[PDB]
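Trainee: build me a structure from this.
(6 chains, ligands or ions: 3)
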Amino acid sequence: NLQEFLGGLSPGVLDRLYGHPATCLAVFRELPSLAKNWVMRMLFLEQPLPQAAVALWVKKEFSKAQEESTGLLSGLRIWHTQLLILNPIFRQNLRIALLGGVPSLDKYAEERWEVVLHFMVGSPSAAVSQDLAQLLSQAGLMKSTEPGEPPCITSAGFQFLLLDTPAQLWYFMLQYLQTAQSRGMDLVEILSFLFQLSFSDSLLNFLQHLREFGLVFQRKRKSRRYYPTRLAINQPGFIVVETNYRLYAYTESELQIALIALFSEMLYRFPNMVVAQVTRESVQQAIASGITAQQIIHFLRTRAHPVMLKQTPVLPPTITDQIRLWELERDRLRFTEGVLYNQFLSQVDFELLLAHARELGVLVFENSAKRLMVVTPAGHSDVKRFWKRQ
Amino acid sequence: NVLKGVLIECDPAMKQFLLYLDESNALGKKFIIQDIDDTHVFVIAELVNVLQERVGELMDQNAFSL
Amino acid sequence: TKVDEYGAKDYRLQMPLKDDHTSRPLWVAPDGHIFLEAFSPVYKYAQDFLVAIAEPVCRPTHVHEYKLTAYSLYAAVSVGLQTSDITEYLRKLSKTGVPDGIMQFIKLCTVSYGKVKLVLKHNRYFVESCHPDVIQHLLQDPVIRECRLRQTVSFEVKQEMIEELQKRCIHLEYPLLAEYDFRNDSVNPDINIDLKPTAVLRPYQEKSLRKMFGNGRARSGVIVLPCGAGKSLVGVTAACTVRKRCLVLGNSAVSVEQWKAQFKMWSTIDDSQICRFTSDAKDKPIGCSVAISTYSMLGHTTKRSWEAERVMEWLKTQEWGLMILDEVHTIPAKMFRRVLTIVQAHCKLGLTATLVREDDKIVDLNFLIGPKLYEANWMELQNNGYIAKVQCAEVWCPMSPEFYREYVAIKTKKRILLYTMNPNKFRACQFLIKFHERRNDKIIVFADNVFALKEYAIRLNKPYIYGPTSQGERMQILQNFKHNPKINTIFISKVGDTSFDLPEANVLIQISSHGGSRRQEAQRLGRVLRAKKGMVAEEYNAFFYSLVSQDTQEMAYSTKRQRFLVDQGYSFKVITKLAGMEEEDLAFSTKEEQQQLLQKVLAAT
Amino acid sequence: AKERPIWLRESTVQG
DNA sequence: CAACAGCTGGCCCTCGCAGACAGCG
DNA sequence: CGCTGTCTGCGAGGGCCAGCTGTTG
Ligand SMILES: Nc1ncnc2c1ncn2[C@@H]1O[C@H](COP(=O)(O)OP(=O)(O)O)[C@@H](O)[C@H]1O
Ligand code: BEF
Ligand SMILES: [Mg+2]
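Mentor: Residues are numbered from 1 along each chain as shown, chains lettered A, B, ... in the order given. Ligands and ions are numbered 1, 2, ... in the order given. Let me share the structure:
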């Protein structure tokens, strides 16, 4: 999540991020319910207050909310104990925010995002861009190994495909932000823009990337002014699932058919319907490719035709159950590397070694009756050294 | 003694299939070095990949194609 | 025939999209497959037309699928439809239009009806037609001339070669219309069979007969209804309409008795007229207006006994206006098909519930009896309350390690006994019977392997029925099971998978089966599919359990034999484990018991 | 009023 | 050479029929 | 000493699965 991302940042970058007022408002908005009040309280105050007082302002009931919000803001480093005054920059910058100091767009965003997904799968008709190709490949969801040949999709790439467009886009931006620092792009500049969007050379490159994903659109030959799309700030289903492992996809887009074809066999193609059968051969292939069963049920669940919505569960339980069993069937044998110790002549010392292995956290399985245990090879030397020491 | 390999955890019925393979030498060698429990077994790491498909064939036999 | 990248039959270059496709619920591919939508406002009208022209392939609760076959179309013209009517309505229903290939295909298989007719009179079979040209074309055919007896033109044909004549007639695109004009047949005396007013036929029952009697004449064909739908009443009603001597061919001695009782219950025919022809006894078949028998008795090939031979002589030398053939799907057997020629019948009505077979001979019913007149939708009847709602399930019983050790190694056909006699499977059956009996449910247990049936019967101390049991003894058990509260669970074998009427049997269990016999599974589930007294439409009144052994060949057969039921919308929930089993005092709780059982199974060989 | 057993009523799959 | 039909053997069970043996008069 | 019911073999058949040839790319 967005708040998750801010927490995983250094104090130096955070204070830099708390620049123009719009950022402080953006970070303020995500304060869950309580801390928003606390921010307003100690906003006009220039003198730190005791930590005990904050604790006693929340009734015993719903006390857990008092601590969790406090921990969240401590992570955000909004205030400091100073022994709980807010950051002088945040207080000042926030005070600036607090009285101080269309239909075409959505279609464009949906289409431009789709072509990226088209490229993700082996779709010959997809947008081609060297920067985009290396972006996805370096994003951890694609791999080429040969610049001349088009890249394939990694194990995580297939899972990314099934995720809903909101989470599908957000995960991509989250990966984009992390790699921005590695490639030499300042994280604060891009991160600050995203917040300001919700309402320089680095931005110009960043804006071009955002234009490529379809989140932003200048419409005026790349003018200074841009018009963000709906997805930039941050739909009815079409699949009918039958009890006999049949999917009737009411799809006109080639991408959705490509998605459904990942984990099912396509039988017939009609302009507003495609007949797909969820055969165990396909699903096992989909699971082998990297997909997780929960995603398949979720992917079919979210794109559920309205007719199935009235039924509960919308997906017939046997289909959902059967898909899971197909997943669990593959992993019947849980392979786990380890080192086995037998011929435990020292029965008394076997327990001592057992206790030592447990303390180190290396032991995986043990059998007291047979006086044997298995330890991962990583810790094999440690136990081997312990045995040699005697 | 100290033996390095791979531990396999599965349902009790599946274990008997693994032991049968070891006894029949269907893989060409006794991949099982020491049985651990009715639920867990220790096998040589080298033949795990080939053993992986062998179980898949067993699942393939007991599953119908539609 | 264009194939997409995802192995999909691309049909976008073949047909266009209709502008008002939202109202139109039908798809029609050039392959003939027709995908109808069950949620469309106009479903009811489309289904009746579609089921007639195309036999359903799968009918889930949301989107049905049908297939167009020459035999499927030939049924449409017989009932009363015409090529112009079918194609025009099909185009009206089609939301994408009918491809040129299918449009010509429908026309091709509609200019063949009525060209040639088969008429039986005075114990003689004649090939009747009003067009001499088509008759002349048939005479050119060698086998047609071979089977010949050795304006309207008719040439007599020997009875023994009726089958070959009929089979070639279809192959010559000239189906024989074996249509009986009972109302204009005074040669055969009218029987006193009459439908008592207390008997009211349900809408599907009447609709099926409407197709049979669309015109004044009576049509001969196969009428398919779900098990427990009441095919006995429809068969009785057909005899009432014909008012001629009626021959009913059940499947076993149990079938005829239930046929006898149903006639008395649903007809005014006196007990004297009703007669049976079975090895157990006979109610003077020489004098009887309605004869009830079994394929085994009539189809018996070896020399018949004097008692049976006398009846057989009378049966051959008779004229029957209506020959009801219960369990039609067994007709295409090598010998059971001969019973059609042995007996002389004008109109052959076929009643069955599972028009499926693991061979390709099920299509022979088109000419052996006639086109599939009707096929009710199981879910439609299930929601209407005419048949009890069943919560099918598949209890996954893990295989015992001692057994699986032997099963994996053994391959000399001894596996069937091994995974049929699974102690884990036995415990699930033992627990299920105990729990369901405590719920006042009438349990039925099936088992193809008699060995397994006997092993479970004595161990649980429950009555069991199979081949050797005398007709009276097995009949006694059903009566006890039907009425006696003490007998709450019964064990049955392959004998009682068909024609057993147990209306109060809420629960069913299956511990064995004969391979992937979809007919066996759908028939076996039929016993408990009968409507219950205090039945509620959406309360899952009945239940079905198919115990299987995990990681075993029975899994492949379990999926194979569920194909027919799922095609009708039944969902087979998987039960990996059963709760409460551990806290139950069930058998084979010790390795010694399981060890003893395994040795016995091996000994049986 | 003779409700269905647990196994039939709700999914028994671990997932 | 590799791959797919294809009717029959085999197995399981079931049925009708005939023969012998036991209960009854 | 005869007649009827029970039980046990002979012979055949249904339904399905699996197999060694026959045929086609
Ligand atoms: N119209 C009806 N009214 C009342 N009971 C009916 C009706 N039709 C059928 N039944 C009952 O349903 C059951 C049908 O049994 P049966 O005729 O053997 O079914 P099928 O031949 O379809 O398997 C019986 O209990 C019968 O009395
Ligand atoms: F379909 Be029924 F059981 F005769
Ligand atoms: Mg019946």
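Trainee: show me what contacts residue C:217?
Mentor: Residue C:217 sits next to C:179, C:180, C:181, C:182, C:183, C:184 when contact means C-beta atoms under 8 Å, 6 or more residues apart in numbering or on different chains. Bear in mind the C-beta positions are built from the backbone N, C-alpha and C, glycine included.
Trainee: any of those buried? List them.
Mentor: Among those, those buried by neighbour count (16 or more other C-beta atoms under 10 Å in any protein chain shown) are C:179, C:180, C:182.
Trainee: okay, the residues you listed in a markdown table with distance to residue C:2 and secondary structure next?
Mentor: Listed next are the buried ones among the contacts of residue C:217 as a markdown table, based on distance: C-beta to C-beta, whole Å; DSSP: H, G, I helix; E, B strand; the rest coil:
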| residue | distance to residue C:2 | secondary structure |
| --- | --- | --- |
| C:179 | 43 | coil |
| C:180 | 47 | strand |
| C:182 | 51 | helix |
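Trainee: between those, which sits nearest residue C:460?
Mentor: Distance to residue C:460, by C-beta to C-beta, is smallest for residue C:180 among those, at 50.6 Å.
Trainee: name whatever forms a beta bridge with that closest one.
Mentor: Bridge pairing for residue C:180 (DSSP bridges) gives the partners residue C:218.
Trainee: does it really touch residue C:321, like I thought?
Mentor: Yes: between residue C:180 and residue C:321 there is a contact under C-beta atoms under 8 Å: 6.4 Å.
Trainee: which neighbours do those two share?
Mentor: By C-beta under 8 Å, 6+ apart, residue C:180 and residue C:321 have these common neighbours: C:242, C:346, C:347.
Trainee: wait, residue C:376 touches residue C:203, no?
Mentor: No: the pair residue C:376 / residue C:203 is not scored as a contact, 9.8 Å apart, by C-beta under 8 Å.
Trainee: I'd like to know how many residues surround residue 11.
Mentor: Went with chain A since none was named. 10 (other C-beta atoms under 10 Å in any protein chain shown).
Trainee: other chain: chain D
Mentor: Look at residue D:11: counted by other C-beta under 10 Å, it has 17 neighbours.
Trainee: could you do residue C:594 as well?
Mentor: By other C-beta under 10 Å, neighbour count at residue C:594 equals 19.
Trainee: separation between it and residue C:424?
Mentor: The gap separating residue C:594 from residue C:424 is 9 Å, by C-beta to C-beta, to the nearest Å.
Trainee: identify the contacts common to these two.
Mentor: Shared contacts of residue C:594 and residue C:424, defined by C-beta under 8 Å, 6+ apart, are found at residue C:400.
Trainee: spit out the contact partners of residue 7.
Mentor: You didn't pick a chain, so chain A it is. Listed by C-beta under 8 Å, 6+ apart, the contact partners of residue A:7 are A:72, A:75, A:76.
Trainee: sorry, should have said chain D
Mentor: C:393, C:575, C:577, C:578, C:579.
Trainee: one more pass at 10 Å, please.
Mentor: By C-beta atoms under 10 Å, 6 or more residues apart in numbering or on different chains, residue D:7 lies in contact with C:393, C:395, C:432, C:545, C:573, C:575, C:576, C:577, C:578, C:579, C:580, C:581.
Trainee: all helices of chain D, in order?
Mentor: D:6-9 (DSSP state H).
Trainee: how about the nearest residue to the residue of it found nearest chain A, chain neighbours excluded?
Mentor: For chain D, the residue closest to chain A is residue D:15, as judged by C-beta to the nearest C-beta, at 4.1 Å. Nearest non-adjacent residue to residue D:15, counting by C-beta to C-beta, 6 or more residues apart in numbering or on different chains: residue A:324, 4.1 Å away.
Trainee: how deep is the one you found tucked in, by neighbour count?
Mentor: If you count neighbours by other C-beta under 10 Å, residue A:324 ends up with 20.
Trainee: and for the one 5 residues further on?
Mentor: The number of residues packed near residue A:329 is 17, by other C-beta under 10 Å.
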